[PDB]
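Next up is one chain by itself, shown in structure tokens, the form deposited in one PDB entry.
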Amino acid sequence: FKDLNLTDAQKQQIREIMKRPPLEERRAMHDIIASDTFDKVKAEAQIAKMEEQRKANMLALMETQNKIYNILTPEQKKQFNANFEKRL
């Protein structure tokens, strides 16, 4: 949101606050799904490989949201926190 009444300074701070696409990963997933048989050990290896991209993506998402939280005023943080409850 869009719920927080962001000052123009804050939105510039935010714009400034905001690796490779997990594409070869999807390819390996495709090959597991399209196979004549299910290969559990190969699937486990794909899951484990996906954990490294997920870690990167989660760390980036949490760090971004943390830096945004800390440009907010007390009133805005309260609204941010309420909104966080309301998703999903």
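In this text, rigid core is short for the largest set of C-alphas that superpose within 1.5 Å between two forms. Quick note: we count residues from 1 along the sequence shown, nothing fancier.
*Asks:* Could you tell me whether residue 15 lacks coordinates in at least a third of the other compared entries whose models cover its neighbours on both sides?
*Replies:* Comparison shows residue 15 kept in all of the other entries.
*Asks:* Are any deposited residues left out of the model between residue 23 and residue 24, and how many (none, 1 to 3, 4 to 9, 10 or more)?
*Replies:* According to the record, the chain runs unbroken from residue 23 to residue 24.
*Asks:* Mean C-alpha B factor from the entry: is it higher for 6-14 or for 69-77?
*Replies:* Comparing 6-14 with 69-77, the higher mean C-alpha B-factor belongs to 6-14.
*Asks:* Out of 59-67 and 42-50, which stretch has the higher average CA B-factor listed in the record?
*Replies:* Per the PDB record, 59-67.
Just so it is clear, the following notes concern the form deposited in another entry, a form of the same protein that is not shown.
*Asks:* Quick check on residue 54: with the core superposed, does its CA move 2 angstroms or more between this form and the one not shown?
*Replies:* After core superposition, the C-alpha of residue 54 moves 2 Å or more between this form and the one not shown.
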